[PDB]
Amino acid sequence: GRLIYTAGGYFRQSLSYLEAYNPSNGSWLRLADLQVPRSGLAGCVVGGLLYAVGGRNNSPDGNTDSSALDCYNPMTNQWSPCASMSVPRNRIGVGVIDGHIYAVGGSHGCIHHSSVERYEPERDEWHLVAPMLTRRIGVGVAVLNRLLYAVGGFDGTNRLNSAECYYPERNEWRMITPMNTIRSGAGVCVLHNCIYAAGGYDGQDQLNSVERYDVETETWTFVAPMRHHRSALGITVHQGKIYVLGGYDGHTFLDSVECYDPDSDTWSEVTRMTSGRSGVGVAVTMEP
């Protein structure tokens, strides 16, 4: 695509902002708000359409977990509702495989989901698949070689360094090598042949460390850390570079945006969001 879209988030309350960043010229764009404010959501893209999944509206009028799926069309600058998931999923992970959207984990009140479900846009229908082996909220999710990985999170009692992989043709979950660090609410994405896990919360401190899982060697390896410790961040990939947006560093809701270049193994600050916020959903698609 061309732009990095950030949707929703949290600062004092849940937010409805949809803002698009252009790495080519540095410009931010404010776009049509979400119909319902929501933090802890996840974003993804299918067929050029942006999708916001799950989350939670923390508002003075109350707190409502979201089972909602909403579709933004850059061509029209409009949000359309889609079929809702089987359950509310706050602090959700999502991954796209073969044009289908996998919703992973999340919480519904004090319920910490291990359930997983799949959305087929061509039929506007969700269907439950095999549940993970672990309850995970604040779970990182990524797709590599058409395999779905759930990384870290919180299972209702402990933050996790564990990770697992879902094989669709077998409808099966299997544990993989655990991370060297406990991370909940981390940013997880894919670059080349590696699953990157960045930041998060280990139970005591917000993390700036970053590690990556090589699916061939089945090993986790730390890389250069981010400039800012940060949890509940948005993460995406643009032109073979990782972008991490916002988060919470234990003192401030960050408007910082960092960019990781894997050839030099260096992070650099590339811009600031229009305001500090955590728990955004992030994806990449064409300009509107």
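Sequential numbering from 1, following the sequence displayed.
Annotation for 17 to 25 versus 276 to 284: the higher mean temperature factor (C-alpha) is found in 17 to 25. The mean C-alpha temperature factor is higher for 180 to 188 when 86 to 94 and 180 to 188 are set side by side. Ranked by C-alpha B-factor against the other modelled residues of its chain, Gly153 falls in the lowest third.
Among the modelled residues of its chain, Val223 has a C-alpha B-factor that falls in the middle third, as given in the PDB entry. In the deposited entry, the Cα temperature factor of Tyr51 sits in the bottom third of values across the chain's modelled residues.
Annotation for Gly203: C-alpha temperature factor in the highest third relative to the rest of the modelled chain, per the entry. Looking at the C-alpha B-factors along this chain, the one for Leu233 belongs to the middle third.
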